[PDB]
């Protein structure tokens, strides 16, 4: 039958796989984990599977309570294949424009619903895009700004320090700093 796609996304090898939990929040960021079909294109040290993700999370003494997947370009992993049964939500975040208001609303709604169902624990919301940096950083910071009243640059700096890489997209940064609070 037909060939599946298995290309390593551009620059994916270049980022630390998993960030630190952001203190004062229940967010953690990471780049997309890659299922086994991708690994023949990777050296052993470059591999980062869904198992590796759960192992790194456990290593940091945390636990994921929800994964939010922002990716759309290819199939990277099957939620059915997550070696742990953790709730999963896709929110396609497409293109380089500032994530649209419909997308921002879906992200807040997912986070708020998670927190409401999980007041009694410290499980985290794991968010990933391809690099777990730009679309991920935007949405996490936009949440902290609109919902928790965090100063935009404080959100960015906390996101960056915990991720291990700085949010790159200049239009994302400018909207976080100077754009409107979106309706909740």
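Residue numbers count along the first chain shown, from 1.
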Quick one: say whether 75-83 or 89-97 has the higher mean Cα B-factor in the deposited entry. 75-83
Would you determine, from the values in the PDB entry, which of 57-65 and 122-130 has the greater average C-alpha temperature factor? 57-65
Of the residues 51, 158, 145, 139, the one whose Cα carries the largest B-factor in the deposited record is 51
Member of 135, 151, 31, 116 with the greatest C-alpha B factor (per the PDB record): 116
